[PDB]
Amino acid sequence: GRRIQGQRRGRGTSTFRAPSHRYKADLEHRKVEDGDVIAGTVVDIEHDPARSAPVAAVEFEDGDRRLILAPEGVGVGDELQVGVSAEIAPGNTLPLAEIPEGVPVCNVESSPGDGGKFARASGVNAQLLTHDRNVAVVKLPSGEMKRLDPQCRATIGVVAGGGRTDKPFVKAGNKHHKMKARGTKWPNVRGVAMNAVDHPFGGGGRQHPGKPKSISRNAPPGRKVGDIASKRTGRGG
RNA sequence: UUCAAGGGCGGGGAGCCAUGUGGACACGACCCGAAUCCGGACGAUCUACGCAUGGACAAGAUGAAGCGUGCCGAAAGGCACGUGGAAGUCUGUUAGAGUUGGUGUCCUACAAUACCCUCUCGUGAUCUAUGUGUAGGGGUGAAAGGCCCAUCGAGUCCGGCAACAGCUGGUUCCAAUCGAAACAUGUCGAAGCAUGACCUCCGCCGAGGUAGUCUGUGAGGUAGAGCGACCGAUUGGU
RNA sequence: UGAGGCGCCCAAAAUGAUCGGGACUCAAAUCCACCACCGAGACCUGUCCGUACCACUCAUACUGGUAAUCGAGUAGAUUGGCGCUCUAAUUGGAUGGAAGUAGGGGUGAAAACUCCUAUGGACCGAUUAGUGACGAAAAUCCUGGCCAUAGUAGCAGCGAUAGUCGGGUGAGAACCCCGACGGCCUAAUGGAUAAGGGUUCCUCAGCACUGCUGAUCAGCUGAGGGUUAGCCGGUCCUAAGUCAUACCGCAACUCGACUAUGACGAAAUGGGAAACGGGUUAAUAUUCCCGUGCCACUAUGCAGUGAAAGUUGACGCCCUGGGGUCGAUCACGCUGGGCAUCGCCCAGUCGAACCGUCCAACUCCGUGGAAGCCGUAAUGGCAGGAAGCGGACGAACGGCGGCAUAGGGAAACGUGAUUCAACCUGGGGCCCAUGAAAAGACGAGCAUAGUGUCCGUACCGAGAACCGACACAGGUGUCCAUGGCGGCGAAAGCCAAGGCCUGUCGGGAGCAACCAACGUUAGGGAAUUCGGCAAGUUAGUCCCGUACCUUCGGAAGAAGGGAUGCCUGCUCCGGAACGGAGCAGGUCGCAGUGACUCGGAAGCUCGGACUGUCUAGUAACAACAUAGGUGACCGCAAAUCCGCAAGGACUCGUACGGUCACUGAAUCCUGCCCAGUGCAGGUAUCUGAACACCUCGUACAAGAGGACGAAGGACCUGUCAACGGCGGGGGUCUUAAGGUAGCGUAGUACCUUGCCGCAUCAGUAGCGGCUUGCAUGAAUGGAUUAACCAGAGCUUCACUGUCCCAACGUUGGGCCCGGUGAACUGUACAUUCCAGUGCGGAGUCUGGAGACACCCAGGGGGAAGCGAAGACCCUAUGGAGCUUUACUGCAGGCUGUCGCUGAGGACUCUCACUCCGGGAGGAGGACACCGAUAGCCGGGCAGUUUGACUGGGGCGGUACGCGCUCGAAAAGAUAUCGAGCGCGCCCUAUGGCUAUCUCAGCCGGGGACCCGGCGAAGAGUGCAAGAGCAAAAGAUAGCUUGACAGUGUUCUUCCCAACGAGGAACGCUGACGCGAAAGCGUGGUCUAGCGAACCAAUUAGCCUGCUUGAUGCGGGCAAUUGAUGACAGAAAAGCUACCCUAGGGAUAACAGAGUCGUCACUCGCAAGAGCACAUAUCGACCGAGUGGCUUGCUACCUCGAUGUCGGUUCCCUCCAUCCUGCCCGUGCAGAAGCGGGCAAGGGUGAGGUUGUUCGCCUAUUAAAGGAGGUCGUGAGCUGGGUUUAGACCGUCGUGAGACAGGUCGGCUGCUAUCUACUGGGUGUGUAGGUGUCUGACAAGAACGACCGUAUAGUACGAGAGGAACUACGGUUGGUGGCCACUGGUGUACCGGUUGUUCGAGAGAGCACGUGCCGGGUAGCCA
Ligand SMILES: NC[C@H](Cl)[C@@H](O)c1cnc(N)[nH]1
Ligand SMILES: [Cl-]
Ligand SMILES: [Cl-]
Ligand SMILES: [Cl-]
Ligand SMILES: [Cl-]
Ligand SMILES: [K+]
Ligand SMILES: [Mg+2]
Ligand SMILES: [Mg+2]
Ligand SMILES: [Mg+2]
Ligand SMILES: [Mg+2]
Ligand SMILES: [Mg+2]
Ligand SMILES: [Mg+2]
Ligand SMILES: [Mg+2]
Ligand SMILES: [Mg+2]
Ligand SMILES: [Mg+2]
Ligand SMILES: [Mg+2]
Ligand SMILES: [Mg+2]
Ligand SMILES: [Mg+2]
Ligand SMILES: [Mg+2]
Ligand SMILES: [Mg+2]
Ligand SMILES: [Mg+2]
Ligand SMILES: [Mg+2]
Ligand SMILES: [Mg+2]
Ligand SMILES: [Mg+2]
Ligand SMILES: [Mg+2]
Ligand SMILES: [Mg+2]
Ligand SMILES: [Mg+2]
Ligand SMILES: [Mg+2]
Ligand SMILES: [Mg+2]
Ligand SMILES: [Mg+2]
Ligand SMILES: [Mg+2]
Ligand SMILES: [Mg+2]
Ligand SMILES: [Mg+2]
Ligand SMILES: [Mg+2]
Ligand SMILES: [Mg+2]
Ligand SMILES: [Mg+2]
Ligand SMILES: [Mg+2]
Ligand SMILES: [Mg+2]
Ligand SMILES: [Mg+2]
Ligand SMILES: [Mg+2]
Ligand SMILES: [Mg+2]
Ligand SMILES: [Mg+2]
Ligand SMILES: [Mg+2]
Ligand SMILES: [Mg+2]
Ligand SMILES: [Mg+2]
Ligand SMILES: [Mg+2]
Ligand SMILES: [Mg+2]
Ligand SMILES: [Mg+2]
Ligand SMILES: [Mg+2]
Ligand SMILES: [Mg+2]
Ligand SMILES: [Mg+2]
Ligand SMILES: [Mg+2]
Ligand SMILES: [Mg+2]
Ligand SMILES: [Mg+2]
Ligand SMILES: [Mg+2]
Ligand SMILES: [Mg+2]
Ligand SMILES: [Mg+2]
Ligand SMILES: [Mg+2]
Ligand SMILES: [Mg+2]
Ligand SMILES: [Mg+2]
Ligand SMILES: [Mg+2]
Ligand SMILES: [Mg+2]
Ligand SMILES: [Mg+2]
Ligand SMILES: [Mg+2]
Ligand SMILES: [Mg+2]
Ligand SMILES: [Mg+2]
Ligand SMILES: [Mg+2]
Ligand SMILES: [Mg+2]
Ligand SMILES: [Mg+2]
Ligand SMILES: [Mg+2]
Ligand SMILES: [Mg+2]
Ligand SMILES: [Mg+2]
Ligand SMILES: [Mg+2]
Ligand SMILES: [Mg+2]
Ligand SMILES: [Mg+2]
Ligand SMILES: [Mg+2]
Ligand SMILES: [Mg+2]
Ligand code: NA
Ligand code: NA
Ligand code: NA
Ligand code: NA
Ligand code: NA
Ligand code: NA
Ligand code: NA
Ligand code: NA
Ligand code: NA
Ligand code: NA
Ligand code: NA
Ligand code: NA
Ligand code: NA
Ligand code: NA
Ligand code: NA
Ligand code: NA
Ligand code: NA
Ligand code: NA
Ligand code: NA
Ligand code: NA
Ligand code: NA
Ligand code: NA
Ligand code: NA
Ligand code: NA
Ligand code: NA
Ligand code: NA
Ligand code: NA
Ligand code: NA
Ligand code: NA
Ligand code: NA
Ligand code: NA
Ligand code: NA
Ligand code: NA
């Protein structure tokens, strides 16, 4: 047979890459010596081509000009602060330790100082639940309880652009334009619509998969397709 | 080998070398003949998909939201007219792109995919130039096994290479003698082999031989016949 | 009355009859005898040759002899010889002419040798012994040359049909030049360029080459010449991205990812310092020249201390206002031209870069002070301050002044305006889409001077300069989109400017047939056809008006109805237009969107929701995509994926993510099943590898066992919007459940043209209903559904040459002439036709018939025409792509163990190692990673296998190893998918010996038992069948283990006749059993019951292992057991319609051929019925046949191809006759029939469903017969069906994929050499002429059929009803001819009229070969 589409992807050819050269900024938390004296003013609100959501242009006291993962409720003129003794309001960034429980937070770090990893897409937010000297339980948007280092910095508020998924693309053209700004090959041809040579589900005189769709985790690339290690399938039960 | 017996192999000196020649096996193996498989290279001037930077789309039609004015109403709002100018929107040989029917013309062509009429799209998932990326069990693919320079169910070039075939074709001077087998046994064997039958040639042996007939001593159950002779069929009558 | 001979009836086939033909009758037939002849290479005979043998001989040299008992031959074995090359030895020829070549003479059976003449002009032989790239008719053989083809095809076809008359030059002119007339091109056939080409550019001189003809011309040939830059490009900058170096990897590199650095990366078309005007050359030109201007740098001088913040470069899509130049147009003036019925029409009326100046818009400031005003095309603005007023900043490639008594013009050398490309400047809207960067510039003055190198620059830029082998009808980017009329228009049509007559061969025929494009056709109007394919109809604009349905958008231009020009005078909107909307009156035509441009409309059903995608080159579709729905994986040191590694994509991303899949808009919905399979989770117990550990073993080791036990598995649970399933039976069973909503004869329904209805004259169609559904059904998605569609089917109106049924015309060919000039094809011969024969499909064989030769044109009957080593089918121990629970392996994932790896069966720590963090430092941490190994999963990938037999192959079967009877032809041998049927064991006795004994069955006496008799065998003997057996081979009893060990002979296996294992018969040696003994026992009475090498285990003795001894553990001689049943032994599954190759007519489909069971038809007998009556009519059983249409069988012909079914068109035939003519019978009154005979002249038609043939149906008819010609007819047509590649549905399958199921789409090559015929000529023969005839023969259907009237309301008949002979009139079909008449044509002609151009008028051109409309002569036609 020939290599399946999932294998072509790995090669990182043009068709599969993201238009990085068009992307604006690698939104990461600032590196403050300590103290927390660092603050800045929201100079503008831009569209982030990589996340289909707003990103705030900020200018810091030390001259530094950098874009940022803007949560909802931030506008031009607003003063944002970053540091251990930063104020407890939307747009400000401080370790989960200095953050009062029950307060929605976004752009949470995994390892303190990594710049933020969790909850960064439109509308989402984590949820600081439990405190400690060692751990700070945070409920990620997927609903998982993530035990974290209290030193992990995070931003107060829900990520801006909420509700994006509510309106349907309606037409292929709209999907086309979105897809064109991501690292994804689109449209999608169904495996069952290909030839035996092209995909494990290909072939036949009619369209249906050969074997059952649920594939073992141990399956090799070229075969791992369909329902990957499904714990169950369907809706009933 | 063997208590034993019986068997196997060997034994009363002919070889070695050379030259010519018959035949066998390995090798290209009398010659040509095809689809492969493998290696290293050369191709994205075609084309597929992506990217960068540019360019293109007469004219008309329909008239979304929003806004306005007016009437009605306590309000909510509603109705009318106007404004507005949305759309993978419509008409359109604008440019440009595509390719449905004619199964027309052509079919040693104008052309190794052409001509004419017809037909579809024509502000978008649009078309297009140039630059640029992806390379061969690998790309690319809105998927047809499509496309990757007239080459694709695995490109092209050279090499491995004089690939192998039990399959088709061909294998060049004269004469004299003998003269088949198209069968048997085994065979992944039945389009092939080996071993026999049969053809030929050579050396050896040394007096018989037997294609015909008659007679003698034997073998035999086919034709025919018959079945109160077995066997099994198969009519009727007192 | 019996028998015999010969004949007769029975007796039907397709191009032209036959005994080979003629033809034959007291035979030239037949039968019985006879006589004589002809007739082979046989037989006889003369001579010769070869071969064999004999005598003589050294001899195979001579000579003599023998052959009645020698003389054919494919494959093949054997042997003597001819010829070629070069070597050697011996020996010769040649300039007094070698070799070769051409023609000719002689020898040899022959290969071949040799001579003569001519040519040639320098080499050439012989004998012997050697040598070898040593002998050709063939291979779709190779290379070269050449003939026919043939003076043939092409040099016509394209919406660009282009020329003509004069003249010039010249040896020569249709096409080279000049003038005129006439045309063509308008986003191109014009102008400027990119790539690419590369000198093609210009000049001179030429024509051997090239140029579709010619050429004096040329992109050709030769020689010269030609490209000038500070201000156009490059150059510089950076883009997607590329490379180089370092680092790292790799066995290694010219390899490889990341991270650094550097460099590269844009000539039309990214960014960017600066040039305009005129002039000039044969050829350059923002480059040269004249004039004027500008930029950068540097130097000097003055100014300036500012100088880096910021601005710029610098940016998406849609709508839109304002500013505004060119252009165009309008008014008017001037200059020049044109026209001449008028007073119109055309051209010009010029003038840059640059310098200076002006400024709308936006932004802002002051003033002011709106509580409702301001403002816009629109949105909008405001007490947070609206209008107004003043002001700051601030635009054009624009205005204005200079530039400029510069330039340019023959001259005048204008002025206003409107609409306004360019250019400038604003406002609004959209994004699940956010629309480069860097260099540079600005910021930041002025004078004067100096410098400004290097590379490109010609020309083409395309129906001749590029790519496509070509001067190729193809392909190929940019700018000119503002030239006039027209009109909505960058549309058509017409015309400027500019270009061209080079989409480059001509001349001639009223110019025939035929073909390509096309115009028009009366009446009818889809009757055509698979199907309205093709064509046609409709059309522009305004007014009125508009259904079902609908997702409320749409449907919709629904449909339907009306209007439409010109002229005169006006109104309204607007600032106005040379803008738009209307009014009144007048008025012409057949026609006013007058041409051109320019929808045909309506309805039902199927499918996919829609726009979109696709098989470059037969599929555009229902297929892919899509939004939408759904499930799965993953918290990022992730899931998924790429790399060998170093590393990488996703990712400048983070669950509202992105990966992996299914379904495929909206709406209503989406049932039941977890047994199998998959995936996932759990798990007491069971199973589960290696290391380590324990035991045995070994002075060690191999090795054997044990304990512990991971993932995995067993087991359990979860899960179907996972793969998939949703029946049989009865009022449960397989295997989990047992089909719910819906839909249903479906693109799924075999039966099937289902039934009913609608519709039609008629409807395998279509729609609706029913529906038991061969074999519908829910995200393998079910149902429904508006809109959409080059998608499939059907209906109606309209339309029409699709048809009835064809005609005429137009243009280009075609035909003739000049010039140019191929190809395909060719074993040979060839004037054939009818029959026959033959490998069964002959121009060539056989018999006849016909046939004088050559040539022109034609349409293609035949050469199983030409073209392609058949795609179909089978075969090959062929190939490839694909699949899987085929075989074997390889990646990869999971898991244990070892190493890295450290301190203190569960736990702490830090110090390696990893990651985060700039770092301090944090997280993690002996784990992870990495290296190694083990177990599991593992078509992700690789190599392969997947047998043979066979009335082809497959399915089935096994005639694949064995035994018996028969087949089998009285020895032996003997085939078939031949007939009957068996064996793959069983038995410790069912073996062995001995003793005693005789059985089946029947009878008689007291189905057990006892007694007698008859009883050669029918019993019994393990199991087929055949055979053997009676004091036994059977029965009973007793005893016994010979079913023993060893080694042979012979036969068999395998006749003859080689071959293994196996088997048997018969010995010997040893040991035994039984018997008095002879003797019997080498298993079972005989013929079936069986298996090699390698390896293991097993039995007993011995041989043996590398200097040597001991021990362990090995190697071996002999034999037993373990299986290969495909049974003389491989370890082994499938699909291909995506296919590929080698071959086969060794083998299937189609056609032919044989057969004829089948089928069609007939006959013999005649039961029976027909009210009686076999035979008017019907007709069984049985029996005998004919045909070659069906079907089947066979495997002869072709696989280096004989093109399919159906249809069509055109021709001939058969008769078994449907009609028509003439007859016979009748259950014949008549009329109408029924049955039969002769008879093939003619006729046998039109339509509805269906691809159909067939068949069903309708209405007409005299009747609407059947069949043959390769199931006649594809070098004739068509292409609906079968049967390629795409796709769907049902069924089947794990799957690829399949189907003798359905469905949508899906290509039709060739220039005719021969032959054949239709027609036309030229010659020869008969043997200079003119005119007229004859008639051997040949062709015809030239005529076939019907209706009507009189006969006649007659004959006949109760009546109803109702004939004929004959005579007439017409119709239909066929045929031949003709055009007065009717009709068509009529691009002859005349008129009307639209647009445009020539100024108007007059008169004309174009609008495709007439713009359109109306009329239409001749001719040709129906
Ligand atoms: N294939 C098995 C062989 Cl032929 C075996 O039977 C045998 C017999 N003789 C042999 N030499 N080999
Ligand atoms: Cl998305
Ligand atoms: Cl000889
Ligand atoms: Cl240039
Ligand atoms: Cl505005
Ligand atoms: K064939
Ligand atoms: Mg990031
Ligand atoms: Mg992309
Ligand atoms: Mg899809
Ligand atoms: Mg497919
Ligand atoms: Mg596969
Ligand atoms: Mg499907
Ligand atoms: Mg499916
Ligand atoms: Mg390219
Ligand atoms: Mg409007
Ligand atoms: Mg559109
Ligand atoms: Mg259109
Ligand atoms: Mg490109
Ligand atoms: Mg396919
Ligand atoms: Mg010979
Ligand atoms: Mg001889
Ligand atoms: Mg007999
Ligand atoms: Mg002979
Ligand atoms: Mg000599
Ligand atoms: Mg030969
Ligand atoms: Mg010819
Ligand atoms: Mg013309
Ligand atoms: Mg030159
Ligand atoms: Mg020239
Ligand atoms: Mg000249
Ligand atoms: Mg550069
Ligand atoms: Mg540029
Ligand atoms: Mg020039
Ligand atoms: Mg030039
Ligand atoms: Mg030309
Ligand atoms: Mg007509
Ligand atoms: Mg019809
Ligand atoms: Mg018909
Ligand atoms: Mg049509
Ligand atoms: Mg007005
Ligand atoms: Mg249907
Ligand atoms: Mg569609
Ligand atoms: Mg195609
Ligand atoms: Mg299409
Ligand atoms: Mg097509
Ligand atoms: Mg689909
Ligand atoms: Mg989806
Ligand atoms: Mg989805
Ligand atoms: Mg029906
Ligand atoms: Mg379901
Ligand atoms: Mg072949
Ligand atoms: Mg096949
Ligand atoms: Mg294969
Ligand atoms: Mg790191
Ligand atoms: Mg495989
Ligand atoms: Mg191999
Ligand atoms: Mg076979
Ligand atoms: Mg015998
Ligand atoms: Mg015996
Ligand atoms: Mg073995
Ligand atoms: Mg054993
Ligand atoms: Mg065998
Ligand atoms: Mg055998
Ligand atoms: Mg083949
Ligand atoms: Mg045959
Ligand atoms: Mg033929
Ligand atoms: Mg007759
Ligand atoms: Mg006749
Ligand atoms: Mg036929
Ligand atoms: Mg016929
Ligand atoms: Mg034919
Ligand atoms: Mg044909
Ligand atoms: Mg032809
Ligand atoms: Mg067809
Ligand atoms: Mg069809
Ligand atoms: Mg079809
Ligand atoms: Mg004309
Ligand atoms: Na499939
Ligand atoms: Na191979
Ligand atoms: Na390319
Ligand atoms: Na509105
Ligand atoms: Na076309
Ligand atoms: Na390859
Ligand atoms: Na090779
Ligand atoms: Na081979
Ligand atoms: Na044979
Ligand atoms: Na054989
Ligand atoms: Na063979
Ligand atoms: Na004798
Ligand atoms: Na007999
Ligand atoms: Na011979
Ligand atoms: Na105009
Ligand atoms: Na010419
Ligand atoms: Na569209
Ligand atoms: Na289950
Ligand atoms: Na299950
Ligand atoms: Na089902
Ligand atoms: Na479409
Ligand atoms: Na016509
Ligand atoms: Na012909
Ligand atoms: Na293949
Ligand atoms: Na096999
Ligand atoms: Na034997
Ligand atoms: Na017959
Ligand atoms: Na042939
Ligand atoms: Na036909
Ligand atoms: Na007749
Ligand atoms: Na035929
Ligand atoms: Na046909
Ligand atoms: Na054809």
# chains A, B, ... in the order shown; residues from 1 in each chain; ligands from 1
$ residues_near_ligand --ligand "ligand 94" --cutoff "9 Å" --atoms "only C-alpha atoms (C1' of nucleotides) and all ligand atoms" --output "PyMOL selection string"
(chain B and resi 88-89+121-122+124) or (chain C and resi 611-612)
$ residues_around --residues "range 192-208 of chain A" --least-positions-apart "4" --cutoff "7 Å" --atoms "only C-alpha atoms (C1' of nucleotides)" --output "PDB file with C-alpha atoms (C1' of nucleotides), in the first residue's frame"
ATOM      1  CA  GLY A   1       0.000   0.000   0.000  1.00  0.00           C
ATOM      2  CA  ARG A   2       0.874   3.690  -0.018  1.00  0.00           C
ATOM      3  CA  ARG A   3       1.403   5.842   3.074  1.00  0.00           C
ATOM      4  CA  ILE A   4      -1.869   7.146   4.474  1.00  0.00           C
ATOM      5  CA  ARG A 223      -2.856   1.352  10.557  1.00  0.00           C
TER       6      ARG A 223
ATOM      7  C1'   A B 143     -10.258  10.075  -4.148  1.00  0.00           C
TER       8        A B 143
ATOM      9  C1'   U C 780     -23.867   0.254   6.811  1.00  0.00           C
ATOM     10  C1'   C C 882      -4.560  -5.590  -3.894  1.00  0.00           C
ATOM     11  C1'   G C1297     -13.896  -8.366  -4.120  1.00  0.00           C
TER      12        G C1297
END
$ atom_distance --atom1 "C1' of residue 1021 in chain C" --atom2 "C1' of residue 983 in chain C"
20.2 Å
$ interface_residues --of "chain A" --to "chain B" --cutoff "9 Å" --atoms "only C-alpha atoms (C1' of nucleotides)" --output "PyMOL selection string"
chain A and resi 1-3+8+13-17+19+171-177+186-190+193-195+197-198
$ write_last_selection --atoms "C-alpha atoms" --output "CSV table (one decimal), in the first residue's frame"
chain,number,residue,atom,x,y,z
A,1,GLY,CA,0.0,0.0,0.0
A,2,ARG,CA,0.9,3.7,0.0
A,3,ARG,CA,1.4,5.8,3.1
A,8,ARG,CA,2.2,12.4,5.0
A,13,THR,CA,5.7,19.6,4.1
A,14,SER,CA,4.2,23.0,3.0
A,15,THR,CA,0.6,21.7,2.7
A,16,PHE,CA,0.7,20.6,6.3
A,17,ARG,CA,2.6,23.4,8.0
A,19,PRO,CA,1.5,29.9,8.0
A,171,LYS,CA,-20.8,27.4,4.0
A,172,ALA,CA,-17.6,25.6,2.8
A,173,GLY,CA,-16.1,29.0,1.9
A,174,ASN,CA,-16.1,30.1,5.5
A,175,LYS,CA,-14.3,26.9,6.6
A,176,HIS,CA,-11.9,27.3,3.7
A,177,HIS,CA,-10.8,30.7,5.0
A,186,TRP,CA,-8.6,20.6,4.3
A,187,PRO,CA,-11.1,19.4,2.9
A,188,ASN,CA,-11.3,15.8,4.3
A,189,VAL,CA,-11.9,12.7,2.1
A,190,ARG,CA,-13.4,9.8,4.0
A,193,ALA,CA,-14.1,6.6,0.1
A,194,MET,CA,-10.5,5.7,-1.0
A,195,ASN,CA,-8.9,2.7,-2.5
A,197,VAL,CA,-4.1,0.9,-1.4
A,198,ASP,CA,-4.7,4.3,0.2
$ residues_near_ligand --ligand "ligand 95" --cutoff "9 Å" --atoms "only C-alpha atoms (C1' of nucleotides) and all ligand atoms" --output "JSON, numbers by chain"
{"C": [673, 674, 675, 676, 677, 720, 736]}
$ write_last_selection --atoms "N, CA, C and O atoms (P, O5', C5', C4', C3', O3' and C1' of nucleotides)" --output "PDB file, in the first residue's frame"
ATOM      1  P     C C 673     -32.052  -4.668  23.667  1.00  0.00           P
ATOM      2  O5'   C C 673     -31.211  -5.596  22.685  1.00  0.00           O
ATOM      3  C5'   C C 673     -31.481  -6.997  22.575  1.00  0.00           C
ATOM      4  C4'   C C 673     -30.403  -7.665  21.755  1.00  0.00           C
ATOM      5  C3'   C C 673     -28.975  -7.440  22.219  1.00  0.00           C
ATOM      6  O3'   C C 673     -28.637  -8.320  23.287  1.00  0.00           O
ATOM      7  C1'   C C 673     -29.102  -7.224  19.863  1.00  0.00           C
ATOM      8  P     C C 674     -27.566  -7.861  24.403  1.00  0.00           P
ATOM      9  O5'   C C 674     -26.175  -7.798  23.626  1.00  0.00           O
ATOM     10  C5'   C C 674     -25.626  -8.978  23.019  1.00  0.00           C
ATOM     11  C4'   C C 674     -24.155  -9.100  23.336  1.00  0.00           C
ATOM     12  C3'   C C 674     -23.759  -8.972  24.804  1.00  0.00           C
ATOM     13  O3'   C C 674     -22.610  -9.781  25.017  1.00  0.00           O
ATOM     14  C1'   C C 674     -22.636  -7.343  23.555  1.00  0.00           C
ATOM     15  P     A C 675     -22.755 -11.196  25.755  1.00  0.00           P
ATOM     16  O5'   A C 675     -22.849 -12.261  24.573  1.00  0.00           O
ATOM     17  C5'   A C 675     -22.857 -13.662  24.876  1.00  0.00           C
ATOM     18  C4'   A C 675     -22.675 -14.486  23.626  1.00  0.00           C
ATOM     19  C3'   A C 675     -21.488 -14.160  22.739  1.00  0.00           C
ATOM     20  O3'   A C 675     -20.279 -14.699  23.241  1.00  0.00           O
ATOM     21  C1'   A C 675     -23.389 -14.533  21.399  1.00  0.00           C
ATOM     22  P     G C 676     -18.880 -14.059  22.787  1.00  0.00           P
ATOM     23  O5'   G C 676     -18.850 -14.305  21.212  1.00  0.00           O
ATOM     24  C5'   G C 676     -18.534 -15.605  20.672  1.00  0.00           C
ATOM     25  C4'   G C 676     -18.172 -15.487  19.211  1.00  0.00           C
ATOM     26  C3'   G C 676     -17.092 -14.469  18.900  1.00  0.00           C
ATOM     27  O3'   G C 676     -15.805 -15.054  19.030  1.00  0.00           O
ATOM     28  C1'   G C 676     -18.935 -14.111  17.481  1.00  0.00           C
ATOM     29  P     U C 677     -14.574 -14.158  19.522  1.00  0.00           P
ATOM     30  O5'   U C 677     -14.503 -13.019  18.417  1.00  0.00           O
ATOM     31  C5'   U C 677     -14.095 -13.323  17.082  1.00  0.00           C
ATOM     32  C4'   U C 677     -13.990 -12.057  16.284  1.00  0.00           C
ATOM     33  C3'   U C 677     -13.282 -10.927  16.997  1.00  0.00           C
ATOM     34  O3'   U C 677     -11.874 -11.060  16.949  1.00  0.00           O
ATOM     35  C1'   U C 677     -15.254 -10.106  16.014  1.00  0.00           C
ATOM     36  P     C C 720     -23.636   0.991  22.788  1.00  0.00           P
ATOM     37  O5'   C C 720     -22.890   0.436  21.499  1.00  0.00           O
ATOM     38  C5'   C C 720     -22.153   1.314  20.623  1.00  0.00           C
ATOM     39  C4'   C C 720     -22.504   1.014  19.185  1.00  0.00           C
ATOM     40  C3'   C C 720     -23.963   1.243  18.841  1.00  0.00           C
ATOM     41  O3'   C C 720     -24.102   2.592  18.415  1.00  0.00           O
ATOM     42  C1'   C C 720     -23.295  -0.902  18.100  1.00  0.00           C
ATOM     43  P     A C 736     -26.909 -17.530  21.583  1.00  0.00           P
ATOM     44  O5'   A C 736     -27.392 -16.020  21.706  1.00  0.00           O
ATOM     45  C5'   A C 736     -27.213 -15.286  22.927  1.00  0.00           C
ATOM     46  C4'   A C 736     -27.575 -13.838  22.714  1.00  0.00           C
ATOM     47  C3'   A C 736     -28.937 -13.603  22.087  1.00  0.00           C
ATOM     48  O3'   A C 736     -29.958 -13.629  23.079  1.00  0.00           O
ATOM     49  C1'   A C 736     -27.313 -12.293  20.973  1.00  0.00           C
TER      50        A C 736
END
$ residues_near_ligand --ligand "ligand 28" --cutoff "9 Å" --atoms "only C-alpha atoms (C1' of nucleotides) and all ligand atoms" --output "list in words"
residues 199, 224 and 225 of chain C
$ closest_atom_pairs --of "chain C" --to "ligand 77" --cutoff "10 Å" --atoms "only C-alpha atoms (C1' of nucleotides) and all ligand atoms" --output "JSON lines"
{"residue": "C:1387", "atom": "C1'", "partner": "ligand 77", "partner_atom_place_in_ligand_line": "1 (Mg)", "distance": 8.1}
{"residue": "C:1405", "atom": "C1'", "partner": "ligand 77", "partner_atom_place_in_ligand_line": "1 (Mg)", "distance": 9.1}
{"residue": "C:1406", "atom": "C1'", "partner": "ligand 77", "partner_atom_place_in_ligand_line": "1 (Mg)", "distance": 7.4}
{"residue": "C:1407", "atom": "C1'", "partner": "ligand 77", "partner_atom_place_in_ligand_line": "1 (Mg)", "distance": 8.3}
{"residue": "C:1408", "atom": "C1'", "partner": "ligand 77", "partner_atom_place_in_ligand_line": "1 (Mg)", "distance": 8.0}
{"residue": "C:1409", "atom": "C1'", "partner": "ligand 77", "partner_atom_place_in_ligand_line": "1 (Mg)", "distance": 7.4}
{"residue": "C:1410", "atom": "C1'", "partner": "ligand 77", "partner_atom_place_in_ligand_line": "1 (Mg)", "distance": 6.0}
{"residue": "C:1411", "atom": "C1'", "partner": "ligand 77", "partner_atom_place_in_ligand_line": "1 (Mg)", "distance": 8.2}
